[PDB]
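In terms of PDB author numbering, the sequence shown opens at residue 1 and continues consecutively.
Every residue gets a Cβ at the ideal spot worked out from N, C-alpha and C, and that includes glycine.
Okay, so here's the structure we're looking at.
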Amino acid sequence: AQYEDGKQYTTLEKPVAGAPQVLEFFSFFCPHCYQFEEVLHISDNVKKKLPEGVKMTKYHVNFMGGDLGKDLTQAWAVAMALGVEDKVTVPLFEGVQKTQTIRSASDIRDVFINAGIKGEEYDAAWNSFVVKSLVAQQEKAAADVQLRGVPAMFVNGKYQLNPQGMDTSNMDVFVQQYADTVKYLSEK
């Protein structure tokens with residue numbers, strides 16, 4: 001075939017029921033996630049080729065960057081609740097990996113403040129139980145697939161993207177191949 005299990009994707013031998021349709025994991029500490037987000041715009045290009053009626057979910061993970069890592073998962077919970085993912089993603093990536101000015105929860109918060117979320121609104125979110133459950137979900141979803149590496153994408157709880165088996169000569173070509181795989185898996 002042209003799409004083979006084990007070549008552009010793998011199959012979970014322990015499929016996850018009731019999963020988000022398209023589910024992506026990242027970490028602001030993860031160098032390839034940095035590339036995926038601002039150089040490649042994977043999420044964006046996947047969305048453009050996804051079918052009618054498909055929800056795209058993106059979650060942060062704890063297992064990189066110790067204490068800041070968890071903080072970052074809480075702050076991504078905040079970003080989701082306030083619907084400001086689009087406004088903090090880029091400055092969080094550059095804060096952790098480029099400029100290295102994010103060293104504490106406080107520095108994380110600054111990115112939000114500078115992006116126009118108000119202090120009280122952020123702090124309110126930060127401490128809210130609605131955020132607490134969104135942290136739970138991120139953890140639960142990573143747990144359900146025993147996730148040990150990012151970036152990572154799963155489709156319908158049963159297939160996992162395998163980017164190491166796609167050509168990386170051309171970056172544009174890598175992305176289309178990646179997205180087309182997701183669409184393929186989506187229709188399966």
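Report the rounded CA-to-CA distance for residue 146 versus residue 27, giving the unit in angstroms. Those two C-alpha atoms are separated by around 16 Å.
Quick one: grab the DSSP three-state call for residue 10. In the displayed model, residue 10 falls within a strand according to three-state DSSP.
Out of curiosity, what's the CA-to-CA distance linking residue 33 and residue 114? If I take the Cα positions, the gap works out to 23 Å.
Mind checking residue 157: buried by the 16 CB within 10 Å criterion, or exposed? Classification of residue 157: buried, given that the 10 Å Cβ count is 16 or more.
Can residue 173 and residue 167 be called in contact, C-beta distance under 8 Å? The answer is yes: Cβ separation under 8 Å.
What is the rounded straight-line gap between the Cα of residue 187 and the Cα of residue 129? Taking the straight line from one Cα to the other gives about 36 Å.
What would DSSP say about residue 57, mapped onto helix, strand or coil? DSSP, reduced to helix, strand and coil, places residue 57 within a strand of the structure shown.
Quick check on DSSP: helix, strand or coil for residue 159? Reduced to three states, the DSSP call for residue 159 is strand.
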